[PDB]
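A quick write-up on the structure given underneath.
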Amino acid sequence: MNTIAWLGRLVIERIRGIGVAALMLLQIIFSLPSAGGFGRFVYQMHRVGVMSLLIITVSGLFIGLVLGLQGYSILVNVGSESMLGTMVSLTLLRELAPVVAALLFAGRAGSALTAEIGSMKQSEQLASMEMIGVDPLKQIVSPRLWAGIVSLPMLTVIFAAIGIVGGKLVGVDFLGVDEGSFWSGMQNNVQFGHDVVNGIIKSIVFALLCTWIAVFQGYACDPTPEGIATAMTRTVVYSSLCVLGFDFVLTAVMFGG
Amino acid sequence: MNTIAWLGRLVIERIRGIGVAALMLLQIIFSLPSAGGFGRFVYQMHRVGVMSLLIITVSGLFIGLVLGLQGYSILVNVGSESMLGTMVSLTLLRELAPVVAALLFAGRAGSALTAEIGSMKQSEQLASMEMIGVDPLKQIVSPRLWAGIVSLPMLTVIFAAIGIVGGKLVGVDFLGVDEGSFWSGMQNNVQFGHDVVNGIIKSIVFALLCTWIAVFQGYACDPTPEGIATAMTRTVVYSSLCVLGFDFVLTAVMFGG
Amino acid sequence: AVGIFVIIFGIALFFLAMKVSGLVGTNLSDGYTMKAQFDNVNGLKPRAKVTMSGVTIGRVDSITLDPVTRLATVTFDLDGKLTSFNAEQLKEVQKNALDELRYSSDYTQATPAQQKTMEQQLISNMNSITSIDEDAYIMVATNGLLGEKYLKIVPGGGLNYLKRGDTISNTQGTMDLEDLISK
Amino acid sequence: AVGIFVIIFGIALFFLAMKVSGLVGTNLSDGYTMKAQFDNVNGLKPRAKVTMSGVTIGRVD
Amino acid sequence: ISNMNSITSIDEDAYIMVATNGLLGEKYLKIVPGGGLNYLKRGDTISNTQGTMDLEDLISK
Amino acid sequence: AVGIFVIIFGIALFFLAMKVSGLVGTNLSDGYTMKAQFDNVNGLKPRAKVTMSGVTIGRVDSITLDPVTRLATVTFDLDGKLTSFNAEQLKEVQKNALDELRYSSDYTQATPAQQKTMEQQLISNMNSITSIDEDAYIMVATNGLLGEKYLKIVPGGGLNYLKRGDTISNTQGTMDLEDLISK
Amino acid sequence: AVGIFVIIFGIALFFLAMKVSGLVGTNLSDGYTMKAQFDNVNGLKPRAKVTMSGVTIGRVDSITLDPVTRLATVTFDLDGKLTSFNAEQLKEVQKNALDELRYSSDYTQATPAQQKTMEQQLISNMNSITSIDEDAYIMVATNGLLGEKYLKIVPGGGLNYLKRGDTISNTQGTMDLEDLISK
């Protein structure tokens, strides 16, 4: 597992100006830990949560149906000892699905968050409030950071979980795959209670990545619309390698590949 | 193969990304879409081409290497019945890479496109030019629909091609496999050189789908900062899972699956 | 809505054609679900290949069991769109079948009234040539190492259309060689 | 008009997430149990199939 | 009473044999129903015909 | 308005079908369609590979049936880019085939008019010499060791040459080793 | 400030870890540390399952080697299907062991004081009876057809019970038969 660690050193590499917000992320409960359903707080929860419920069900049908034909063709090509969900649900729940989930959360909702924060400096809150001296960290970080990271690592796992729950629906409709053998097969193939329990940790680390990357670029953007799209370009560059560095390391360590 | 048409209808089920300005797209087809190396072409190929050049070389390599770790773990577990590139290039070129490539255009370049048109409706171009009567469709959409099928679907094949280039980089580093036996062993198993050259058609329709959705959100926005940021969050709702209608339709024909 | 939601036409047009393109076909006029009795076949899976003279013509549908008598009524999804005779060739087949009917002394110099029921029999003989074959023989063979069973058919003569529930002659439905190994 | 399709797809998948580990399932609502003694069964796994005349009718609990 | 309580339901007294399904293992337990009293469920005994003397293990030592 | 690596990557992809697609590709321009009968093959599918002397030459084109005797009629996709005897080798065949005709006992005792038809037989060979010879032996082999059949041609020794439209007699497509043992 | 189904789906995932991690665990609570010496076992990994008549009964705790004597030392971790005995079941096999102590000819000729310490032995070995009999049988079985080496321990019939610190006698785990085959 040394070559894996060699390739998995990308988690340190993509930290350009991000590291300035070190004590900025610390002091977000300094000036009174607020909580509740608020106007923007809930809209970020729609972007991360409510809308993503439909994304999860339909992208699960895109993945599921593609790997459902693969399952059939493995029977035809390789054989009966790795057929159907013996060697497909094995790779799908465990190592494959997690990457796409991170791209549709850390990528998609992370940049969306940034885009909204950028406009506080340009127009609605921070423009007037930093100048006065109304605590900047309490102003835009504290009530927007928490909104997009509480359900996020559960949702990252749910992405993959629904590929198994909906995988037996289309395992039956494409062929007739028994639901209980799919279920008991799944458990045994990945040793779920020790390996997939640790894949939950892998997805918490993915939530923790959103707390470093997204905040700084919204915090100090240039208040022009082109500077905002440059800031969203930067978050795609930052989040694309940080996730892959952990796809190397934690697949080998949390899952045990 | 009953999953050929089932992937298609998922895209068809919900079409609200195109529908509202479909009549304007039909008018461009009516009036005859423009072509030529213009200033619009330069910035369209900046977002699609120039930006993606460094993304594909760097992140695109490590994406492939994470899918090659999956390849390696099969060698560790199964070995001899799925050796070298039996089960590695097989799903990589044909099934896995295509979706991630779409997230760099339907997702990233699409978001950028939205951002540009929305802001020119508020400032540089269409704010004044609609009122002047220099035909808006002919001005900024008509030549950039044509631009979408020039470089973009080749780049999806190049993205995938980098996975194969990365496969021989670490054939020795994960274990000690001679690059020439890995690649020629791979070549024979999937009939690589014939199918990968024939499969350049898969994502041409996807290029068109990316630009039919993304242009709408910029084009018919309310040009205020609240209306424009809402439309950018609406871009990834519709463009993310409506670009995969023709996966197995042309994988079976061009990639020879 | 012709506007805003204009593309409801495009949504409605392809959503249900693609649905049935994947799901069915259909095989209602190109397939029939005929049944046969088996007594002890170890490992018959759903969608297993059912062949005729080596060529797959259908697959396993489903299995109905009777615990009391210990018998299994296996339903087969068989294609009915296979090869057949044209009008002149089929005429020669029923002339040969008529010669088998006229071989017996009862119907050699047949009364025209009796010839009417012999021509009804020629119609009966033509019905099982290609469409729903009744008179045939079934035996279980193997494609792979032991599992991956390959069922074979040896067509016989013809008797009208086969009814659902009416068994096909069992030649070898007892695939169990554990007593061969043990004795 | 979204709740129309929550019901169609959302509650359909809710029923299928409950029917993963509790398929039959918790209280054995659609099955019964059998018991037998064995002395040597190399290869009998938990969730291995149980048959009658080569057709599966159950499994190992 | 004996006649009335010896003919109701699927039969109880079944006989079993241990052998594989395909070629690997995954012992597929065969059932040959005999003649018992009640519905076969919890509280009933399955008779072991062939799950003890494995001759292949004696050969392999 | 594009970079310099667009083109470089495109050329790298074009290099991959320089020699690969010449060998493996298109479908009617490098093949001939021939037929042969089979009686009962345990594992043949359309597009299963076909060999000659242990080297793959192509694949099965399509599989049909013959109603009269209910046997298989398999159409082949055979290697047609390999000319075998080409125009330079034709010069040798015109003398080699003629000497086999010239010194045979059926032509030395022939009517002189009939002896003049030996060169008429050369003409018929000249327009039918692309591909394989007259006497060929077709048998059913396996691809791997498990199952899945692999069809094989073993060149024999004949007088004429065959091409698309001609039929090769069956040598050995009937015996199943399972039926050999069990019957 | 959250949804409803997030949580519901997380509860469904708990029920899936409950079954695996509740099964597989503890290590000195349901077993005891015992050793065995092996001379040649192909591929025994730490935490590989140990079986008995095809039934998993435990796993490998750890595996080490000693080249001075050239034998491998394996420590074992029994699973929680049997902890060993209940309170009355422990008393039941103490009374059965007492009858073996009373019937043996060594204790019938013993000093009456020593005869009174036959129950003292059961008191002093109250936690050493856990669990299987002293004499246990060693061999390597398969989960597949050859490979997937599956270590198998089948308790026989000894004099006492196998307790912690004991070494299991190796019956059939030394015979590499590849040299027998090849020479």
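Letters A, B, ... mark the chains of the structure tokens in the order given; residue numbers begin at 1 per chain; ligand numbers begin at 1, in order shown.
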
By least-squares superposition of chain B on chain A, using all C-alpha atoms in order, what RMSD in Å to one decimal is obtained?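 Here the RMSD amounts to 2.8 Å.
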
Tell me as an NGL selection string which residues belonging to chain A come within 9 Å of chain C, counting only C-alpha atoms. :A and (80 or 173-176)

Residues near residue 17 of chain D, cut-off 12 Å, only C-alpha atoms, skip fewer than 4 positions along chain, as a list in words: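 Here the qualifying residues turn out to be residues 158, 161, 162, 163, 164, 165, 166, 167, 168, 169, 179 and 183 of chain A; 10, 11, 12, 13, 21, 22 and 23 of chain D; 5, 8, 9, 10, 11, 12, 13, 15 and 16 of chain G.
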
Now that the selection is made, can you save its residues with C-alpha atoms as an mmCIF file, in the first residue's frame?
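Writing done, so here's again.cif:
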data_model
loop_
_atom_site.group_PDB
_atom_site.id
_atom_site.type_symbol
_atom_site.label_atom_id
_atom_site.label_comp_id
_atom_site.auth_asym_id
_atom_site.auth_seq_id
_atom_site.Cartn_x
_atom_site.Cartn_y
_atom_site.Cartn_z
ATOM 1 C CA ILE A 158 -27.474 7.378 0.773
ATOM 2 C CA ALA A 161 -27.420 2.984 -0.644
ATOM 3 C CA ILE A 162 -30.269 3.737 -3.084
ATOM 4 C CA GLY A 163 -28.269 2.037 -5.865
ATOM 5 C CA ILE A 164 -28.689 -1.153 -3.822
ATOM 6 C CA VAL A 165 -32.301 -0.524 -2.778
ATOM 7 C CA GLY A 166 -33.259 0.341 -6.398
ATOM 8 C CA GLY A 167 -30.753 -2.136 -7.778
ATOM 9 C CA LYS A 168 -33.035 -5.031 -6.777
ATOM 10 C CA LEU A 169 -36.021 -3.285 -8.390
ATOM 11 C CA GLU A 179 -34.259 -9.791 -3.908
ATOM 12 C CA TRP A 183 -29.514 -8.638 -0.266
ATOM 13 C CA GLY D 10 -41.059 8.216 -3.085
ATOM 14 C CA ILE D 11 -43.362 5.887 -1.070
ATOM 15 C CA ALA D 12 -42.661 2.997 -3.540
ATOM 16 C CA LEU D 13 -38.950 3.270 -2.679
ATOM 17 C CA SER D 21 -33.457 -6.609 5.807
ATOM 18 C CA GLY D 22 -37.084 -7.063 6.755
ATOM 19 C CA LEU D 23 -38.193 -8.577 3.478
ATOM 20 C CA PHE G 5 -35.982 10.644 4.744
ATOM 21 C CA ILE G 8 -34.972 7.171 7.765
ATOM 22 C CA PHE G 9 -32.430 5.866 5.274
ATOM 23 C CA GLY G 10 -29.687 6.082 7.888
ATOM 24 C CA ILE G 11 -31.800 3.869 10.216
ATOM 25 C CA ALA G 12 -32.078 1.246 7.385
ATOM 26 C CA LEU G 13 -28.272 1.265 7.069
ATOM 27 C CA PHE G 15 -29.961 -2.600 10.458
ATOM 28 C CA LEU G 16 -27.639 -3.749 7.638
#

Over all C-alpha atoms paired in order - RMSD of chain C on chain G: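 In short, the RMSD is 5.2 Å.
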
Selection: 12 Å around residue 31 of chain D, only C-alpha atoms, excl. self and same-chain fewer than 6 positions, as a ChimeraX atom specification: /D:23-25,57-59,61 /E:40-42

Return as JSON lines the residues of chain C lying at most 7 Å from chain D, together with the closest atom-to-atom pair for each and the distance in Å to one decimal, counting only C-alpha atoms, with rows in chain order and ascending residue number.
{"residue": "C:39", "atom": "CA", "partner": "D:53", "partner_atom": "CA", "distance": 6.6}
{"residue": "C:40", "atom": "CA", "partner": "D:53", "partner_atom": "CA", "distance": 4.6}
{"residue": "C:41", "atom": "CA", "partner": "D:54", "partner_atom": "CA", "distance": 5.0}
{"residue": "C:42", "atom": "CA", "partner": "D:54", "partner_atom": "CA", "distance": 4.0}
{"residue": "C:43", "atom": "CA", "partner": "D:54", "partner_atom": "CA", "distance": 5.6}
{"residue": "C:44", "atom": "CA", "partner": "D:55", "partner_atom": "CA", "distance": 6.9}

Distance filter 12 Å, only C-alpha atoms, chain E against chain A, as an mmCIF file with N, CA, C and O atoms, in the first residue's frame:
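File result.cif, as written:
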data_model
loop_
_atom_site.group_PDB
_atom_site.id
_atom_site.type_symbol
_atom_site.label_atom_id
_atom_site.label_comp_id
_atom_site.auth_asym_id
_atom_site.auth_seq_id
_atom_site.Cartn_x
_atom_site.Cartn_y
_atom_site.Cartn_z
ATOM 1 N N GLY E 22 -24.522 -26.969 -8.493
ATOM 2 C CA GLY E 22 -23.586 -27.009 -9.609
ATOM 3 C C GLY E 22 -22.271 -27.631 -9.168
ATOM 4 O O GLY E 22 -22.237 -28.451 -8.253
ATOM 5 N N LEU E 23 -21.188 -27.279 -9.854
ATOM 6 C CA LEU E 23 -19.869 -27.783 -9.470
ATOM 7 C C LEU E 23 -18.990 -26.776 -8.713
ATOM 8 O O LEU E 23 -18.317 -25.952 -9.335
ATOM 9 N N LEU E 24 -19.039 -26.795 -7.382
ATOM 10 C CA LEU E 24 -18.337 -25.829 -6.547
ATOM 11 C C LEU E 24 -18.614 -26.238 -5.129
ATOM 12 O O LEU E 24 -17.711 -26.562 -4.350
ATOM 13 N N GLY E 25 -19.895 -26.283 -4.803
ATOM 14 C CA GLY E 25 -20.268 -26.568 -3.444
ATOM 15 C C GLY E 25 -21.677 -26.028 -3.369
ATOM 16 O O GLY E 25 -22.440 -26.207 -4.334
ATOM 17 N N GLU E 26 -21.999 -25.308 -2.293
ATOM 18 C CA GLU E 26 -23.307 -24.701 -2.109
ATOM 19 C C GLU E 26 -24.362 -25.795 -2.110
ATOM 20 O O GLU E 26 -25.239 -25.910 -2.986
#

Quick check for you: according to DSSP on this backbone, which residues of segment 4-55 of chain D are classed as strand (DSSP E or B)? Reply as a PyMOL selection string. chain D and resi 35+49-52+55

Env of residue 126 of chain B: 12 Å cut, atoms = only C-alpha atoms, seq-sep filter 5 positions within chain, self excluded. Answer as a PyMOL selection string. chain B and resi 116-121+131-141+218-221+223

How would the residues just chosen look if you wrote them out with N, CA and C atoms as an mmCIF file, in the first residue's frame?
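Result saved to again-v7.cif:
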data_model
loop_
_atom_site.group_PDB
_atom_site.id
_atom_site.type_symbol
_atom_site.label_atom_id
_atom_site.label_comp_id
_atom_site.auth_asym_id
_atom_site.auth_seq_id
_atom_site.Cartn_x
_atom_site.Cartn_y
_atom_site.Cartn_z
ATOM 1 N N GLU B 116 -22.056 33.824 -18.417
ATOM 2 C CA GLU B 116 -21.737 34.842 -19.422
ATOM 3 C C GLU B 116 -22.975 35.503 -20.033
ATOM 4 N N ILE B 117 -23.966 34.730 -20.482
ATOM 5 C CA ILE B 117 -25.095 35.282 -21.236
ATOM 6 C C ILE B 117 -26.000 36.124 -20.337
ATOM 7 N N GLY B 118 -26.156 35.660 -19.093
ATOM 8 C CA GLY B 118 -27.006 36.319 -18.109
ATOM 9 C C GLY B 118 -26.477 37.720 -17.825
ATOM 10 N N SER B 119 -25.173 37.840 -17.642
ATOM 11 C CA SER B 119 -24.454 39.072 -17.440
ATOM 12 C C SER B 119 -24.361 39.931 -18.669
ATOM 13 N N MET B 120 -24.496 39.410 -19.887
ATOM 14 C CA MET B 120 -24.493 40.301 -21.049
ATOM 15 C C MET B 120 -25.882 40.862 -21.329
ATOM 16 N N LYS B 121 -26.885 40.184 -20.762
ATOM 17 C CA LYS B 121 -28.266 40.617 -20.808
ATOM 18 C C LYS B 121 -28.414 41.797 -19.840
ATOM 19 N N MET B 131 -32.653 45.903 -27.920
ATOM 20 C CA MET B 131 -33.426 47.124 -28.070
ATOM 21 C C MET B 131 -33.085 47.771 -29.416
ATOM 22 N N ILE B 132 -31.816 47.662 -29.839
ATOM 23 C CA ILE B 132 -31.393 48.129 -31.159
ATOM 24 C C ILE B 132 -32.057 47.370 -32.323
ATOM 25 N N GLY B 133 -32.124 46.047 -32.199
ATOM 26 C CA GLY B 133 -32.772 45.071 -33.070
ATOM 27 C C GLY B 133 -31.755 44.320 -33.922
ATOM 28 N N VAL B 134 -30.621 43.978 -33.311
ATOM 29 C CA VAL B 134 -29.607 43.166 -33.961
ATOM 30 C C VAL B 134 -29.975 41.813 -33.412
ATOM 31 N N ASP B 135 -30.715 41.038 -34.208
ATOM 32 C CA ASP B 135 -31.210 39.692 -33.907
ATOM 33 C C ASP B 135 -30.420 38.872 -32.883
ATOM 34 N N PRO B 136 -30.880 38.781 -31.627
ATOM 35 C CA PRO B 136 -30.250 38.094 -30.507
ATOM 36 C C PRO B 136 -29.870 36.621 -30.685
ATOM 37 N N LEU B 137 -30.574 35.930 -31.563
ATOM 38 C CA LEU B 137 -30.414 34.510 -31.677
ATOM 39 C C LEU B 137 -29.208 34.330 -32.581
ATOM 40 N N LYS B 138 -29.187 35.106 -33.663
ATOM 41 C CA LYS B 138 -28.147 35.122 -34.693
ATOM 42 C C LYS B 138 -26.838 35.685 -34.122
ATOM 43 N N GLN B 139 -26.974 36.645 -33.208
ATOM 44 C CA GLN B 139 -25.882 37.339 -32.544
ATOM 45 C C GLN B 139 -25.067 36.424 -31.629
ATOM 46 N N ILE B 140 -25.697 35.834 -30.610
ATOM 47 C CA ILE B 140 -24.924 35.055 -29.650
ATOM 48 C C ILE B 140 -25.280 33.584 -29.478
ATOM 49 N N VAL B 141 -26.417 33.099 -29.960
ATOM 50 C CA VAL B 141 -26.637 31.667 -29.729
ATOM 51 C C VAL B 141 -26.328 30.792 -30.933
ATOM 52 N N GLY B 218 -29.234 31.211 -19.185
ATOM 53 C CA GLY B 218 -28.607 32.524 -19.274
ATOM 54 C C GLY B 218 -29.508 33.486 -20.055
ATOM 55 N N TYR B 219 -30.070 33.002 -21.163
ATOM 56 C CA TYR B 219 -30.826 33.772 -22.143
ATOM 57 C C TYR B 219 -32.112 34.328 -21.567
ATOM 58 N N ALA B 220 -32.942 33.496 -20.946
ATOM 59 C CA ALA B 220 -34.190 34.042 -20.433
ATOM 60 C C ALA B 220 -34.158 34.284 -18.916
ATOM 61 N N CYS B 221 -33.103 34.917 -18.391
ATOM 62 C CA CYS B 221 -33.000 35.148 -16.956
ATOM 63 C C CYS B 221 -33.615 36.475 -16.593
ATOM 64 N N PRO B 223 -32.325 39.799 -15.569
ATOM 65 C CA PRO B 223 -31.013 40.394 -15.366
ATOM 66 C C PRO B 223 -30.836 41.366 -14.188
#

Would you please extract all helix (DSSP H, G or I) residues from segment 21-256 of chain B, as assigned by DSSP on the backbone, and give them as a ChimeraX atom specification? /B:21-31,39-77,89-122,126-132,136-148,152-167,171-174,179-190,192-198,204-219,225-239,248-251

Residues of chain G within 10 Å of chain E, using only C-alpha atoms, as an NGL selection string? :G and (53-54 or 139-146 or 171-173 or 175)

Got time to write the residues from that selection, N, CA, C and O atoms, as a PDB file, in the first residue's frame?
ATOM      1  N   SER G  53     -17.264 -29.428   9.832  1.00  0.00           N
ATOM      2  CA  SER G  53     -18.382 -30.053   9.126  1.00  0.00           C
ATOM      3  C   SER G  53     -19.124 -29.016   8.265  1.00  0.00           C
ATOM      4  O   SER G  53     -20.348 -29.042   8.154  1.00  0.00           O
ATOM      5  N   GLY G  54     -18.359 -28.096   7.672  1.00  0.00           N
ATOM      6  CA  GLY G  54     -18.864 -27.049   6.794  1.00  0.00           C
ATOM      7  C   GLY G  54     -19.521 -25.887   7.558  1.00  0.00           C
ATOM      8  O   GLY G  54     -20.232 -25.082   6.953  1.00  0.00           O
ATOM      9  N   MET G 139      -6.959 -30.766  10.003  1.00  0.00           N
ATOM     10  CA  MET G 139      -6.815 -30.869   8.540  1.00  0.00           C
ATOM     11  C   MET G 139      -7.162 -29.549   7.825  1.00  0.00           C
ATOM     12  O   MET G 139      -7.775 -28.645   8.411  1.00  0.00           O
ATOM     13  N   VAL G 140      -6.768 -29.453   6.547  1.00  0.00           N
ATOM     14  CA  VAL G 140      -7.140 -28.344   5.647  1.00  0.00           C
ATOM     15  C   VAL G 140      -8.129 -28.767   4.536  1.00  0.00           C
ATOM     16  O   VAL G 140      -7.824 -29.636   3.718  1.00  0.00           O
ATOM     17  N   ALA G 141      -9.324 -28.161   4.549  1.00  0.00           N
ATOM     18  CA  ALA G 141     -10.452 -28.515   3.670  1.00  0.00           C
ATOM     19  C   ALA G 141     -10.524 -27.429   2.581  1.00  0.00           C
ATOM     20  O   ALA G 141      -9.631 -26.595   2.516  1.00  0.00           O
ATOM     21  N   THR G 142     -11.527 -27.423   1.699  1.00  0.00           N
ATOM     22  CA  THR G 142     -11.598 -26.339   0.692  1.00  0.00           C
ATOM     23  C   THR G 142     -12.987 -25.672   0.724  1.00  0.00           C
ATOM     24  O   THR G 142     -13.958 -26.326   1.101  1.00  0.00           O
ATOM     25  N   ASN G 143     -13.083 -24.367   0.375  1.00  0.00           N
ATOM     26  CA  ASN G 143     -14.397 -23.744   0.163  1.00  0.00           C
ATOM     27  C   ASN G 143     -14.800 -23.817  -1.316  1.00  0.00           C
ATOM     28  O   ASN G 143     -15.990 -23.811  -1.649  1.00  0.00           O
ATOM     29  N   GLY G 144     -13.799 -23.923  -2.191  1.00  0.00           N
ATOM     30  CA  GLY G 144     -13.971 -24.094  -3.624  1.00  0.00           C
ATOM     31  C   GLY G 144     -13.717 -25.543  -4.015  1.00  0.00           C
ATOM     32  O   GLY G 144     -14.266 -26.464  -3.413  1.00  0.00           O
ATOM     33  N   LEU G 145     -12.919 -25.748  -5.057  1.00  0.00           N
ATOM     34  CA  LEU G 145     -12.659 -27.105  -5.540  1.00  0.00           C
ATOM     35  C   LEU G 145     -11.221 -27.599  -5.330  1.00  0.00           C
ATOM     36  O   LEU G 145     -10.861 -28.678  -5.804  1.00  0.00           O
ATOM     37  N   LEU G 146     -10.383 -26.795  -4.678  1.00  0.00           N
ATOM     38  CA  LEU G 146      -8.951 -27.050  -4.579  1.00  0.00           C
ATOM     39  C   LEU G 146      -8.381 -25.895  -3.803  1.00  0.00           C
ATOM     40  O   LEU G 146      -7.749 -26.058  -2.757  1.00  0.00           O
ATOM     41  N   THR G 171      -2.940 -33.919  13.281  1.00  0.00           N
ATOM     42  CA  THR G 171      -3.209 -35.204  12.649  1.00  0.00           C
ATOM     43  C   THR G 171      -2.780 -35.149  11.193  1.00  0.00           C
ATOM     44  O   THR G 171      -1.826 -35.814  10.777  1.00  0.00           O
ATOM     45  N   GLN G 172      -3.552 -34.401  10.403  1.00  0.00           N
ATOM     46  CA  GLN G 172      -3.382 -34.390   8.956  1.00  0.00           C
ATOM     47  C   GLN G 172      -2.962 -33.053   8.322  1.00  0.00           C
ATOM     48  O   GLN G 172      -3.119 -32.884   7.109  1.00  0.00           O
ATOM     49  N   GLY G 173      -2.336 -32.137   9.087  1.00  0.00           N
ATOM     50  CA  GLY G 173      -1.871 -30.839   8.542  1.00  0.00           C
ATOM     51  C   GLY G 173      -0.384 -30.733   8.226  1.00  0.00           C
ATOM     52  O   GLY G 173       0.178 -29.659   8.340  1.00  0.00           O
ATOM     53  N   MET G 175       0.972 -33.185   5.670  1.00  0.00           N
ATOM     54  CA  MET G 175       1.188 -33.956   4.450  1.00  0.00           C
ATOM     55  C   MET G 175       0.929 -33.176   3.173  1.00  0.00           C
ATOM     56  O   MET G 175      -0.194 -33.113   2.671  1.00  0.00           O
TER      57      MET G 175
END

I'd like the contact shell of residue 115 of chain F - 10 Å cut-off, only C-alpha atoms, skipping same-chain residues fewer than 5 positions apart - returned as a count of residues only. 8

Please identify every residue of chain A that has at least one atom no more than 7 Å from any atom of chain B, counting only C-alpha atoms, and report them as a list in words.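 The contacting residues on chain A are residues 3, 59, 62, 65, 69, 112, 174, 229, 240, 241, 244, 247, 248 and 257 of chain A.
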